[PDB]
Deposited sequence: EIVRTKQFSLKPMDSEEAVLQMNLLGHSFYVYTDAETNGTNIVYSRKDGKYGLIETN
């Protein structure tokens, strides 16, 4: 419910909320304290996963 434009930093829990509001399987964003690019995504067993940098 808030995007920049195809072609703000948040923590893991907030990215997941955005990931689902849009209905995506993964979401790329910038981390708050590290300021690095992270990726949260849904795993098959229902749990969430996160990739760093």
Practice problem: Point out each run of deposited residues with no C-alpha coordinates, keeping the order of the sequence. | Solution: 8-10, 57
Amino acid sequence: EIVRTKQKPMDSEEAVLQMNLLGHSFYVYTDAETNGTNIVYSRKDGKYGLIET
From here on, numbers count along this sequence of modelled residues.
Quiz item: Looking only at CA atoms, which has the higher mean B factor in the entry: 9-17 or 40-48?
Solution: 9-17
Quiz prompt | Relative C-alpha B-factor of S25, binned into the chain's lowest, middle or highest third | solution = lowest
